[PDB]
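Undergrad: To be precise about what I am sending: the file is called upload04.csv and holds CSV, C-alpha atoms.
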chain,number,residue,atom,x,y,z
A,1,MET,CA,8.4,-6.5,4.5
A,2,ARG,CA,7.0,-3.2,3.3
A,3,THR,CA,4.9,-4.9,0.5
A,4,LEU,CA,3.9,-7.8,2.8
A,5,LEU,CA,2.7,-5.5,5.6
A,6,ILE,CA,0.8,-3.2,3.1
A,7,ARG,CA,-0.9,-6.4,1.7
A,8,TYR,CA,-1.7,-7.8,5.1
A,9,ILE,CA,-3.2,-4.7,6.6
A,10,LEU,CA,-5.4,-4.1,3.6
A,11,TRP,CA,-6.5,-7.7,3.6
A,12,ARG,CA,-7.4,-7.4,7.3
A,13,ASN,CA,-9.5,-4.3,6.4
A,14,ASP,CA,-11.6,-5.8,3.4
A,15,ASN,CA,-11.5,-9.6,4.2
A,16,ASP,CA,-11.2,-10.4,0.4
A,17,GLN,CA,-10.4,-14.1,0.1
A,18,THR,CA,-8.9,-13.4,-3.4
A,19,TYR,CA,-6.2,-11.2,-1.7
A,20,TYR,CA,-5.4,-13.7,1.1
A,21,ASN,CA,-2.0,-15.4,1.5
A,22,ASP,CA,-0.6,-18.0,4.0
A,23,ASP,CA,2.3,-15.5,4.7
A,24,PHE,CA,-0.5,-13.7,6.8
A,25,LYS,CA,-0.9,-16.7,9.2
A,26,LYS,CA,2.4,-15.9,11.0
A,27,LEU,CA,1.6,-12.1,11.1
A,28,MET,CA,-1.9,-12.9,12.6
A,29,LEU,CA,-0.2,-14.6,15.5
A,30,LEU,CA,1.1,-11.1,16.6
A,31,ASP,CA,-2.5,-10.3,17.7
A,32,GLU,CA,-1.8,-11.9,21.1
A,33,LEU,CA,0.7,-9.0,21.9
A,34,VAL,CA,-2.1,-6.4,21.7
A,35,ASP,CA,-4.9,-5.8,24.3
A,36,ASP,CA,-8.4,-5.7,22.6
A,37,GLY,CA,-9.3,-2.7,25.0
A,38,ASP,CA,-6.6,-0.5,23.4
A,39,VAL,CA,-8.0,-1.2,19.9
A,40,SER,CA,-11.6,-0.6,21.2
A,41,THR,CA,-10.5,2.8,22.5
A,42,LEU,CA,-8.7,3.7,19.3
A,43,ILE,CA,-11.8,2.8,17.2
A,44,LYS,CA,-14.1,4.8,19.5
A,45,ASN,CA,-11.9,7.9,19.1
A,46,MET,CA,-11.5,7.4,15.3
A,47,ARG,CA,-15.4,7.3,15.0
A,48,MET,CA,-15.8,10.3,17.5
A,49,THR,CA,-13.5,12.5,15.4
A,50,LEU,CA,-14.5,10.9,12.0
A,51,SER,CA,-10.8,10.5,11.1
A,52,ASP,CA,-7.7,8.3,11.0
A,53,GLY,CA,-6.2,11.0,13.4
A,54,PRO,CA,-6.2,8.8,16.6
A,55,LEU,CA,-4.4,6.0,14.6
A,56,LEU,CA,-1.7,8.3,13.2
A,57,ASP,CA,-1.2,9.5,16.8
A,58,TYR,CA,-0.8,5.9,18.1
A,59,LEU,CA,1.7,5.1,15.4
A,60,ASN,CA,3.9,8.2,16.2
A,61,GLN,CA,4.9,6.7,19.7
A,62,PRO,CA,8.6,5.5,19.8
A,63,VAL,CA,9.6,2.0,18.9
A,64,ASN,CA,12.6,0.9,21.0
A,65,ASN,CA,12.7,-2.9,20.3
A,66,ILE,CA,11.3,-5.7,18.0
A,67,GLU,CA,8.4,-6.4,20.5
A,68,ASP,CA,7.3,-2.7,20.1
A,69,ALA,CA,7.5,-3.1,16.3
A,70,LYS,CA,5.4,-6.3,16.5
A,71,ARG,CA,2.8,-4.5,18.7
A,72,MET,CA,2.6,-1.7,16.1
A,73,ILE,CA,2.0,-4.2,13.3
A,74,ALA,CA,-0.7,-6.0,15.4
A,75,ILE,CA,-2.5,-2.7,16.5
A,76,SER,CA,-2.6,-1.6,12.8
A,77,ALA,CA,-4.0,-5.0,11.7
A,78,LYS,CA,-6.6,-5.2,14.5
A,79,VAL,CA,-7.7,-1.5,13.9
A,80,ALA,CA,-7.9,-2.3,10.1
A,81,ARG,CA,-10.1,-5.3,10.9
A,82,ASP,CA,-12.4,-3.6,13.5
A,83,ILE,CA,-12.9,-0.3,11.6
A,84,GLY,CA,-14.5,-1.9,8.6
A,85,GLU,CA,-14.0,-1.7,4.8
A,86,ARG,CA,-16.5,1.2,4.4
A,87,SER,CA,-14.1,3.5,6.4
A,88,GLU,CA,-12.6,6.2,4.1
A,89,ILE,CA,-9.0,5.9,5.4
A,90,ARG,CA,-5.9,7.1,3.4
A,91,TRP,CA,-4.0,4.0,4.4
A,92,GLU,CA,-0.7,5.2,2.8
A,93,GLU,CA,-0.5,8.0,5.5
A,94,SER,CA,-0.7,5.3,8.2
A,95,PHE,CA,1.9,3.1,6.3
A,96,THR,CA,4.2,6.2,6.1
A,97,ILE,CA,4.4,6.6,9.9
A,98,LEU,CA,4.3,2.8,10.6
A,99,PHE,CA,7.3,2.1,8.3
A,100,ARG,CA,9.1,5.2,9.5
A,101,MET,CA,9.1,3.6,13.1
A,102,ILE,CA,9.5,-0.1,12.2
A,103,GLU,CA,11.7,0.0,9.0
A,104,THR,CA,14.9,-0.9,11.0
A,105,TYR,CA,13.4,-4.0,12.5
A,106,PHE,CA,12.2,-5.5,9.1
A,107,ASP,CA,15.3,-7.8,8.7
A,108,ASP,CA,14.9,-9.1,12.3
A,109,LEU,CA,11.1,-9.3,12.1
A,110,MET,CA,11.4,-11.5,8.9
A,111,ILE,CA,13.9,-13.8,10.8
A,112,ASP,CA,11.5,-13.9,13.9
A,113,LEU,CA,8.4,-14.7,11.9
A,114,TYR,CA,9.9,-16.9,9.1
B,1,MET,CA,-10.0,2.2,-6.0
B,2,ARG,CA,-7.2,3.2,-3.5
B,3,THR,CA,-6.9,-0.5,-2.2
B,4,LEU,CA,-7.1,-1.9,-5.7
B,5,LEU,CA,-4.4,0.4,-7.2
B,6,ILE,CA,-2.1,-0.2,-4.2
B,7,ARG,CA,-2.5,-4.0,-4.7
B,8,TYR,CA,-2.1,-3.7,-8.5
B,9,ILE,CA,1.1,-1.6,-8.5
B,10,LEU,CA,2.7,-3.8,-5.8
B,11,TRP,CA,1.8,-6.9,-7.9
B,12,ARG,CA,3.4,-5.3,-10.9
B,13,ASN,CA,6.6,-4.8,-8.9
B,14,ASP,CA,7.0,-8.4,-7.7
B,15,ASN,CA,5.0,-10.6,-10.2
B,16,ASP,CA,3.9,-12.8,-7.3
B,17,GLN,CA,1.3,-15.1,-8.8
B,18,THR,CA,-0.1,-15.7,-5.2
B,19,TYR,CA,-1.0,-11.9,-5.0
B,20,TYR,CA,-2.6,-11.8,-8.6
B,21,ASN,CA,-6.3,-11.0,-9.1
B,22,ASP,CA,-8.4,-10.8,-12.4
B,23,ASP,CA,-9.3,-7.2,-11.5
B,24,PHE,CA,-5.7,-6.3,-12.8
B,25,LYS,CA,-6.6,-7.5,-16.4
B,26,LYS,CA,-8.6,-4.2,-17.1
B,27,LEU,CA,-5.9,-2.0,-15.4
B,28,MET,CA,-3.1,-3.7,-17.5
B,29,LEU,CA,-4.9,-2.6,-20.6
B,30,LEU,CA,-4.0,1.1,-19.6
B,31,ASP,CA,-0.3,0.3,-20.6
B,32,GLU,CA,-1.1,1.2,-24.3
B,33,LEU,CA,-1.7,4.9,-23.1
B,34,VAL,CA,2.0,5.1,-22.1
B,35,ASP,CA,5.1,5.3,-24.3
B,36,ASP,CA,7.8,2.7,-23.3
B,37,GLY,CA,10.4,5.5,-24.0
B,38,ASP,CA,9.1,7.7,-21.1
B,39,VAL,CA,9.4,4.7,-18.7
B,40,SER,CA,12.9,3.8,-20.0
B,41,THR,CA,14.0,7.4,-19.3
B,42,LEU,CA,12.4,7.5,-15.8
B,43,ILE,CA,14.1,4.1,-14.9
B,44,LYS,CA,17.5,5.4,-16.2
B,45,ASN,CA,17.2,8.5,-14.0
B,46,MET,CA,16.0,6.6,-10.9
B,47,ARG,CA,19.1,4.3,-11.2
B,48,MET,CA,21.4,7.3,-11.9
B,49,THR,CA,20.2,9.0,-8.7
B,50,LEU,CA,19.7,5.8,-6.7
B,51,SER,CA,16.2,7.1,-5.7
B,52,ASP,CA,12.4,7.1,-6.4
B,53,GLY,CA,13.0,10.9,-6.8
B,54,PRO,CA,12.4,11.0,-10.6
B,55,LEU,CA,9.1,8.9,-10.2
B,56,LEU,CA,7.8,11.3,-7.4
B,57,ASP,CA,8.6,14.2,-9.8
B,58,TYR,CA,6.6,12.6,-12.6
B,59,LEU,CA,3.6,12.0,-10.4
B,60,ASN,CA,3.5,15.7,-9.2
B,61,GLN,CA,2.5,16.9,-12.8
B,62,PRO,CA,-1.1,18.2,-13.0
B,63,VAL,CA,-4.0,15.8,-13.9
B,64,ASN,CA,-6.7,17.6,-15.9
B,65,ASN,CA,-8.9,14.7,-17.2
B,66,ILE,CA,-9.6,10.9,-16.8
B,67,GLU,CA,-7.0,10.1,-19.6
B,68,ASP,CA,-4.3,12.0,-17.6
B,69,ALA,CA,-5.4,9.9,-14.5
B,70,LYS,CA,-5.2,6.6,-16.6
B,71,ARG,CA,-1.7,7.6,-17.9
B,72,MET,CA,-0.5,8.1,-14.2
B,73,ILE,CA,-1.8,4.6,-13.2
B,74,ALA,CA,0.0,3.1,-16.3
B,75,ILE,CA,3.3,4.9,-15.8
B,76,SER,CA,3.3,3.8,-12.1
B,77,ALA,CA,2.6,0.2,-13.1
B,78,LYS,CA,5.2,0.1,-15.9
B,79,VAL,CA,7.8,1.7,-13.6
B,80,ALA,CA,6.9,-0.8,-10.8
B,81,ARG,CA,7.4,-3.6,-13.4
B,82,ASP,CA,10.6,-2.4,-14.9
B,83,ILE,CA,12.4,-1.3,-11.7
B,84,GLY,CA,12.4,-4.8,-10.2
B,85,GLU,CA,11.3,-6.2,-6.8
B,86,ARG,CA,14.9,-5.7,-5.2
B,87,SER,CA,14.4,-1.9,-5.5
B,88,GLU,CA,14.1,-0.4,-2.0
B,89,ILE,CA,11.2,2.1,-2.8
B,90,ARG,CA,8.9,3.6,-0.1
B,91,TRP,CA,5.8,2.9,-2.2
B,92,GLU,CA,3.5,4.7,0.2
B,93,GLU,CA,5.2,8.1,-0.8
B,94,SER,CA,4.4,7.4,-4.5
B,95,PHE,CA,0.8,6.3,-3.6
B,96,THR,CA,0.4,9.6,-1.5
B,97,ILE,CA,1.2,11.8,-4.6
B,98,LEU,CA,-0.7,9.5,-7.1
B,99,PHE,CA,-3.9,9.4,-5.1
B,100,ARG,CA,-3.6,13.2,-4.3
B,101,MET,CA,-3.7,13.7,-8.1
B,102,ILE,CA,-6.2,11.0,-9.2
B,103,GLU,CA,-8.5,10.7,-6.1
B,104,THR,CA,-11.3,12.7,-7.8
B,105,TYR,CA,-11.4,10.5,-11.0
B,106,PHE,CA,-11.8,7.2,-8.9
B,107,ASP,CA,-15.6,7.0,-9.3
B,108,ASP,CA,-15.4,7.7,-13.1
B,109,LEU,CA,-12.3,5.4,-13.5
B,110,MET,CA,-14.2,2.5,-11.9
B,111,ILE,CA,-17.2,3.1,-14.3
B,112,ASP,CA,-14.7,3.3,-17.3
B,113,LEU,CA,-12.8,0.1,-16.4
B,114,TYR,CA,-15.8,-2.0,-14.9
Now, as a test, write the supplied structure out as structure tokens.
TA:
Amino acid sequence: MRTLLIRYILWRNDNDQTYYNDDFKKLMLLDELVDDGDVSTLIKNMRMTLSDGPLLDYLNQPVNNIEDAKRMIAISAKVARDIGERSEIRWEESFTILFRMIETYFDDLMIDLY
Amino acid sequence: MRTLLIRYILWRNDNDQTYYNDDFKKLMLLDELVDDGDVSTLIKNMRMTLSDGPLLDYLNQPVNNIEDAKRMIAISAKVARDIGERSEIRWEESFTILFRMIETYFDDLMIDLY
């Protein structure tokens, strides 16, 4: 799940067809769980501060169930998409927090998606 | 370079043909810079300790030139290959250190390889 999510989020950022996989189809379905307004806000703040700061703050919120975990994946993916490839983001810092919060749900998320 | 190296190292770990790209061909050439004995030792220690600890210790060594930077990429790649996909490694912790050391050489590494 760690490798899959890294690959997915990075592909959402750059849109390189050579790095696409059908495994992503099921993960892209998680987008319905997230309100486009929350993403829009997060992007505005990231641009206002010229940093990944607002994203790292979003990812630090508690994850109490599988639905919270799915929303975190979706928010990261939608943010990656909407921020653009030119954005100088140390993605590994975001993955560190994301996986710290969602790690436990990996087994169940895999079952849920596939 | 950050995205490319993440993608390369993860592909070296699982050998998933669906996640392969021809950009990796030039990076795989860096393997000649690394002695297989150093990798063998690193793997032995990682298994002895049941941790990525030895790898994170290797990556914390100073990088004084582009050749040091290339050796770090090659050691990470050969370790990723030899440790196996089943290995529960928090890859983002390794990428954090690797990129902290090699970040500056990215522009020059890109020129050197492509």
Undergrad: Which distance in Å separates atom CA of residue 100 of chain B and atom CA of residue 10 of chain B, to one decimal?
TA: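 Computing it gives 18.2 Å between the two atoms.
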Undergrad: Residues of chain B that have any atom at most 12 Å from an atom of chain A: could you tabulate them with the shortest-distance atom pair and the distance in Å to one decimal, using all atoms listed in the file, ordered by chain and increasing number, as a Markdown table?
TA:
| residue | atom | partner | partner_atom | distance |
| --- | --- | --- | --- | --- |
| B:1 | CA | A:88 | CA | 11.2 |
| B:2 | CA | A:90 | CA | 8.0 |
| B:3 | CA | A:10 | CA | 7.0 |
| B:4 | CA | A:10 | CA | 9.7 |
| B:5 | CA | A:92 | CA | 11.7 |
| B:6 | CA | A:6 | CA | 8.4 |
| B:7 | CA | A:7 | CA | 7.0 |
| B:8 | CA | A:7 | CA | 10.6 |
| B:9 | CA | A:3 | CA | 10.3 |
| B:10 | CA | A:3 | CA | 6.8 |
| B:11 | CA | A:3 | CA | 9.2 |
| B:12 | CA | A:3 | CA | 11.5 |
| B:13 | CA | A:3 | CA | 9.6 |
| B:14 | CA | A:3 | CA | 9.2 |
| B:16 | CA | A:21 | CA | 10.9 |
| B:17 | CA | A:21 | CA | 10.8 |
| B:18 | CA | A:21 | CA | 7.0 |
| B:19 | CA | A:19 | CA | 6.2 |
| B:20 | CA | A:19 | CA | 7.8 |
| B:21 | CA | A:18 | CA | 6.7 |
| B:22 | CA | A:18 | CA | 9.4 |
| B:23 | CA | A:18 | CA | 10.2 |
| B:85 | CA | A:3 | CA | 9.8 |
| B:86 | CA | A:3 | CA | 11.5 |
| B:87 | CA | A:2 | CA | 11.6 |
| B:88 | CA | A:2 | CA | 9.3 |
| B:89 | CA | A:2 | CA | 9.1 |
| B:90 | CA | A:2 | CA | 7.8 |
| B:91 | CA | A:2 | CA | 8.3 |
| B:92 | CA | A:92 | CA | 5.0 |
| B:93 | CA | A:96 | CA | 7.2 |
| B:94 | CA | A:92 | CA | 9.2 |
| B:95 | CA | A:92 | CA | 6.7 |
| B:96 | CA | A:92 | CA | 6.2 |
| B:97 | CA | A:92 | CA | 10.1 |
| B:98 | CA | A:92 | CA | 10.8 |
| B:99 | CA | A:90 | CA | 9.0 |
| B:100 | CA | A:90 | CA | 10.1 |
| B:103 | CA | A:90 | CA | 10.5 |
Undergrad: Atom CA of residue 112 of chain A and atom CA of residue 76 of chain A are how many Å apart?
TA: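 Atom CA of residue 76 of chain A lies 18.7 Å from atom CA of residue 112 of chain A.
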Undergrad: All Cα atoms, paired in order, least squares: that's the fit I need for chain A onto chain B, output as an mmCIF file with C-alpha atoms, in the frame of the given file.
TA:
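Output contents, as saved in result.cif:
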data_model
loop_
_atom_site.group_PDB
_atom_site.id
_atom_site.type_symbol
_atom_site.label_atom_id
_atom_site.label_comp_id
_atom_site.auth_asym_id
_atom_site.auth_seq_id
_atom_site.Cartn_x
_atom_site.Cartn_y
_atom_site.Cartn_z
ATOM 1 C CA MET A 1 -9.880 2.202 -6.014
ATOM 2 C CA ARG A 2 -7.208 3.159 -3.516
ATOM 3 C CA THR A 3 -6.817 -0.502 -2.257
ATOM 4 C CA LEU A 4 -7.078 -1.914 -5.812
ATOM 5 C CA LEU A 5 -4.395 0.415 -7.207
ATOM 6 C CA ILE A 6 -2.049 -0.222 -4.167
ATOM 7 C CA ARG A 7 -2.524 -4.025 -4.805
ATOM 8 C CA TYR A 8 -1.986 -3.753 -8.519
ATOM 9 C CA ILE A 9 1.136 -1.666 -8.442
ATOM 10 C CA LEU A 10 2.767 -3.884 -5.869
ATOM 11 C CA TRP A 11 1.826 -6.960 -7.825
ATOM 12 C CA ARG A 12 3.380 -5.417 -10.954
ATOM 13 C CA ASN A 13 6.587 -4.823 -8.906
ATOM 14 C CA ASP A 14 7.047 -8.443 -7.375
ATOM 15 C CA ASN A 15 5.137 -10.630 -9.955
ATOM 16 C CA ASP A 16 3.809 -12.887 -7.071
ATOM 17 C CA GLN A 17 1.172 -15.172 -8.569
ATOM 18 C CA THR A 18 -0.332 -15.607 -5.028
ATOM 19 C CA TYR A 19 -1.160 -11.821 -5.016
ATOM 20 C CA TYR A 20 -2.636 -11.758 -8.558
ATOM 21 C CA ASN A 21 -6.294 -10.939 -9.303
ATOM 22 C CA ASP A 22 -8.377 -10.774 -12.560
ATOM 23 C CA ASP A 23 -9.391 -7.164 -11.517
ATOM 24 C CA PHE A 24 -5.748 -6.371 -12.778
ATOM 25 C CA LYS A 25 -6.546 -7.486 -16.389
ATOM 26 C CA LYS A 26 -8.583 -4.302 -17.087
ATOM 27 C CA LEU A 27 -5.930 -2.045 -15.368
ATOM 28 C CA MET A 28 -3.150 -3.718 -17.516
ATOM 29 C CA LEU A 29 -4.948 -2.575 -20.623
ATOM 30 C CA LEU A 30 -4.035 1.076 -19.631
ATOM 31 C CA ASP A 31 -0.413 0.262 -20.646
ATOM 32 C CA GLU A 32 -1.235 1.190 -24.262
ATOM 33 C CA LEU A 33 -1.690 4.914 -23.156
ATOM 34 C CA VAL A 34 1.967 5.134 -22.050
ATOM 35 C CA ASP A 35 5.076 5.340 -24.341
ATOM 36 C CA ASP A 36 7.764 2.723 -23.303
ATOM 37 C CA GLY A 37 10.488 5.500 -23.965
ATOM 38 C CA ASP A 38 9.086 7.670 -21.134
ATOM 39 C CA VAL A 39 9.287 4.730 -18.682
ATOM 40 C CA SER A 40 12.840 3.875 -19.968
ATOM 41 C CA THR A 41 13.904 7.449 -19.224
ATOM 42 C CA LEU A 42 12.304 7.459 -15.799
ATOM 43 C CA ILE A 43 14.069 4.165 -14.869
ATOM 44 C CA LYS A 44 17.432 5.459 -16.134
ATOM 45 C CA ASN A 45 17.123 8.575 -13.942
ATOM 46 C CA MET A 46 15.867 6.580 -10.894
ATOM 47 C CA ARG A 47 19.030 4.298 -11.205
ATOM 48 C CA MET A 48 21.353 7.389 -11.886
ATOM 49 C CA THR A 49 20.199 9.102 -8.682
ATOM 50 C CA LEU A 50 19.616 5.799 -6.714
ATOM 51 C CA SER A 51 16.152 7.041 -5.655
ATOM 52 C CA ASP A 52 12.399 7.110 -6.264
ATOM 53 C CA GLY A 53 12.958 10.950 -6.758
ATOM 54 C CA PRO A 54 12.377 10.993 -10.598
ATOM 55 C CA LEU A 55 9.072 9.027 -10.058
ATOM 56 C CA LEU A 56 7.756 11.365 -7.348
ATOM 57 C CA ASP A 57 8.585 14.224 -9.754
ATOM 58 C CA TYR A 58 6.614 12.579 -12.620
ATOM 59 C CA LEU A 59 3.635 12.026 -10.384
ATOM 60 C CA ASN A 60 3.535 15.730 -9.218
ATOM 61 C CA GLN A 61 2.531 16.935 -12.829
ATOM 62 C CA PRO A 62 -1.172 18.112 -13.027
ATOM 63 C CA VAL A 63 -3.978 15.777 -13.884
ATOM 64 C CA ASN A 64 -6.694 17.632 -15.833
ATOM 65 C CA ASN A 65 -8.866 14.711 -17.131
ATOM 66 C CA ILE A 66 -9.543 10.904 -16.760
ATOM 67 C CA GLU A 67 -7.040 10.107 -19.632
ATOM 68 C CA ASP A 68 -4.273 11.891 -17.577
ATOM 69 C CA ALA A 69 -5.310 9.859 -14.505
ATOM 70 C CA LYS A 70 -5.171 6.629 -16.562
ATOM 71 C CA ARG A 71 -1.678 7.576 -17.882
ATOM 72 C CA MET A 72 -0.515 8.136 -14.280
ATOM 73 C CA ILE A 73 -1.794 4.716 -13.224
ATOM 74 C CA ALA A 74 -0.097 3.067 -16.281
ATOM 75 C CA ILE A 75 3.310 4.938 -15.801
ATOM 76 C CA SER A 76 3.318 3.835 -12.101
ATOM 77 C CA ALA A 77 2.540 0.200 -13.056
ATOM 78 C CA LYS A 78 5.103 0.056 -15.893
ATOM 79 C CA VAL A 79 7.834 1.742 -13.667
ATOM 80 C CA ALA A 80 6.926 -0.778 -10.849
ATOM 81 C CA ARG A 81 7.356 -3.630 -13.332
ATOM 82 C CA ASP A 82 10.616 -2.397 -15.004
ATOM 83 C CA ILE A 83 12.411 -1.307 -11.789
ATOM 84 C CA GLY A 84 12.401 -4.731 -10.242
ATOM 85 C CA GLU A 85 11.423 -6.189 -6.829
ATOM 86 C CA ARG A 86 14.948 -5.700 -5.362
ATOM 87 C CA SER A 87 14.476 -1.857 -5.596
ATOM 88 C CA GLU A 88 14.216 -0.319 -2.075
ATOM 89 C CA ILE A 89 11.271 2.017 -2.859
ATOM 90 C CA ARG A 90 8.946 3.510 -0.136
ATOM 91 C CA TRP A 91 5.924 2.859 -2.296
ATOM 92 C CA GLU A 92 3.502 4.654 0.112
ATOM 93 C CA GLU A 93 5.253 8.022 -0.761
ATOM 94 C CA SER A 94 4.495 7.368 -4.451
ATOM 95 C CA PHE A 95 0.847 6.291 -3.589
ATOM 96 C CA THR A 96 0.489 9.558 -1.555
ATOM 97 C CA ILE A 97 1.191 11.802 -4.574
ATOM 98 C CA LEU A 98 -0.570 9.460 -7.095
ATOM 99 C CA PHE A 99 -3.846 9.437 -5.084
ATOM 100 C CA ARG A 100 -3.541 13.125 -4.312
ATOM 101 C CA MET A 101 -3.742 13.780 -8.191
ATOM 102 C CA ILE A 102 -6.148 10.989 -9.229
ATOM 103 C CA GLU A 103 -8.497 10.656 -6.153
ATOM 104 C CA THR A 104 -11.295 12.707 -7.890
ATOM 105 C CA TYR A 105 -11.381 10.500 -10.928
ATOM 106 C CA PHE A 106 -11.744 7.160 -8.937
ATOM 107 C CA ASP A 107 -15.601 7.013 -9.339
ATOM 108 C CA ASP A 108 -15.311 7.664 -13.121
ATOM 109 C CA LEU A 109 -12.266 5.415 -13.555
ATOM 110 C CA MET A 110 -14.213 2.483 -11.887
ATOM 111 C CA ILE A 111 -17.167 3.144 -14.335
ATOM 112 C CA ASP A 112 -14.667 3.322 -17.352
ATOM 113 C CA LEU A 113 -12.833 0.147 -16.456
ATOM 114 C CA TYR A 114 -15.716 -1.954 -14.971
#
Undergrad: Do a neighbour search on residue 30 of chain A at 10 Å with all atoms listed in the file, toss out local chain neighbours closer than 3 positions, and write the hits as a count of residues only.
TA: 15
Undergrad: For segment 89-100 of chain A, write N, CA, C and O atoms out as a PDB file, in the first residue's frame.
TA:
ATOM      1  N   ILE A  89       7.573  20.620  -4.138  1.00  0.00           N
ATOM      2  CA  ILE A  89       7.126  19.956  -2.902  1.00  0.00           C
ATOM      3  C   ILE A  89       7.991  18.764  -2.551  1.00  0.00           C
ATOM      4  O   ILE A  89       8.179  17.898  -3.387  1.00  0.00           O
ATOM      5  N   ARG A  90       8.485  18.701  -1.301  1.00  0.00           N
ATOM      6  CA  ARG A  90       9.229  17.545  -0.791  1.00  0.00           C
ATOM      7  C   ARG A  90       8.143  16.531  -0.388  1.00  0.00           C
ATOM      8  O   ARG A  90       7.657  16.509   0.753  1.00  0.00           O
ATOM      9  N   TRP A  91       7.682  15.787  -1.381  1.00  0.00           N
ATOM     10  CA  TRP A  91       6.617  14.820  -1.253  1.00  0.00           C
ATOM     11  C   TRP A  91       6.806  13.805  -0.156  1.00  0.00           C
ATOM     12  O   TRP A  91       5.831  13.448   0.498  1.00  0.00           O
ATOM     13  N   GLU A  92       8.047  13.374   0.092  1.00  0.00           N
ATOM     14  CA  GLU A  92       8.381  12.399   1.130  1.00  0.00           C
ATOM     15  C   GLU A  92       8.006  12.881   2.541  1.00  0.00           C
ATOM     16  O   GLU A  92       7.665  12.054   3.382  1.00  0.00           O
ATOM     17  N   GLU A  93       7.997  14.202   2.778  1.00  0.00           N
ATOM     18  CA  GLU A  93       7.593  14.776   4.066  1.00  0.00           C
ATOM     19  C   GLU A  93       6.075  14.575   4.289  1.00  0.00           C
ATOM     20  O   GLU A  93       5.641  14.257   5.404  1.00  0.00           O
ATOM     21  N   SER A  94       5.281  14.731   3.202  1.00  0.00           N
ATOM     22  CA  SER A  94       3.830  14.525   3.176  1.00  0.00           C
ATOM     23  C   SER A  94       3.501  13.045   3.335  1.00  0.00           C
ATOM     24  O   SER A  94       2.637  12.702   4.152  1.00  0.00           O
ATOM     25  N   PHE A  95       4.224  12.162   2.607  1.00  0.00           N
ATOM     26  CA  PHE A  95       4.068  10.713   2.732  1.00  0.00           C
ATOM     27  C   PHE A  95       4.366  10.231   4.159  1.00  0.00           C
ATOM     28  O   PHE A  95       3.669   9.349   4.652  1.00  0.00           O
ATOM     29  N   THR A  96       5.364  10.833   4.826  1.00  0.00           N
ATOM     30  CA  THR A  96       5.751  10.480   6.195  1.00  0.00           C
ATOM     31  C   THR A  96       4.556  10.604   7.147  1.00  0.00           C
ATOM     32  O   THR A  96       4.231   9.632   7.849  1.00  0.00           O
ATOM     33  N   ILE A  97       3.895  11.787   7.132  1.00  0.00           N
ATOM     34  CA  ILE A  97       2.718  12.091   7.950  1.00  0.00           C
ATOM     35  C   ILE A  97       1.525  11.222   7.524  1.00  0.00           C
ATOM     36  O   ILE A  97       0.905  10.594   8.382  1.00  0.00           O
ATOM     37  N   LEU A  98       1.203  11.187   6.208  1.00  0.00           N
ATOM     38  CA  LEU A  98       0.084  10.405   5.683  1.00  0.00           C
ATOM     39  C   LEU A  98       0.143   8.976   6.147  1.00  0.00           C
ATOM     40  O   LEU A  98      -0.807   8.501   6.759  1.00  0.00           O
ATOM     41  N   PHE A  99       1.286   8.316   5.918  1.00  0.00           N
ATOM     42  CA  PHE A  99       1.477   6.929   6.310  1.00  0.00           C
ATOM     43  C   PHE A  99       1.547   6.734   7.814  1.00  0.00           C
ATOM     44  O   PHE A  99       1.162   5.681   8.288  1.00  0.00           O
ATOM     45  N   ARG A 100       1.960   7.758   8.567  1.00  0.00           N
ATOM     46  CA  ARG A 100       1.985   7.678  10.032  1.00  0.00           C
ATOM     47  C   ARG A 100       0.555   7.530  10.553  1.00  0.00           C
ATOM     48  O   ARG A 100       0.319   6.742  11.471  1.00  0.00           O
TER      49      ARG A 100
END
